[PDB]
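What follows is the residue order along each chain.
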Amino acid sequence: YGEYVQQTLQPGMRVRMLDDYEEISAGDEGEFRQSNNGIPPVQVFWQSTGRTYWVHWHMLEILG
């Protein structure tokens, strides 16, 4: 699933957290700010923590 999102994640679209993260909730949402091609943690601005954090593609979902 991480492959699928890595391909279709547009610079400025709406993302979703499908698993509980270090400062982010499962069910929390964000925006794609920028990613790394070879490095899987994409930085996305999460509304619950109010900041851009490192999350993995397989736990990154899009419902936007």
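Residues numbered from 1 in each chain as written, not as in the entry; some residues may be left out. Heavy atoms only, no water.

Method information in the entry identifies solution NMR as the source of the structure.

Q: For this particular structure, what's the right way to read the pattern of salt bridges?
A: Close approach of charged atoms lets side chains of opposite charge pair. One pass over the full model with this rule turns up four salt bridges. Taking the shortest distance from any N to any O, the salt bridge between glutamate 29 and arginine 16 comes out at 3.0 Å. Of the two residues, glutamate 29 is situated in strand 2 (residues 29-34) and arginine 16 in strand 1 (residues 14-17); the sequence distance between them amounts to 13 residues. Using a relative accessible area of 23% as the deciding quantity, one classes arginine 16 as partly exposed. Linking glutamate 23 and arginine 51 is a salt bridge whose minimum nitrogen-to-oxygen distance equals 2.9 Å. You can see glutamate 23 sitting in the loop between strand 1 and strand 2 and its partner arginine 51 sitting in strand 4 (residues 51-55), a full 28 residues away along the chain. Residue class for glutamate 23 comes out partly exposed when judged on its relative accessible area of 27%. (Salt bridge = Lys/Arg side-chain N within 4 Å of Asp/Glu carboxyl O. Helix = DSSP H or I, 4+ residues; strand = E, 2+ residues; numbered from the N terminus. Buried < 20%, exposed > 50% of the residue type's maximum accessible area, 1.4 Å probe, protein only.)

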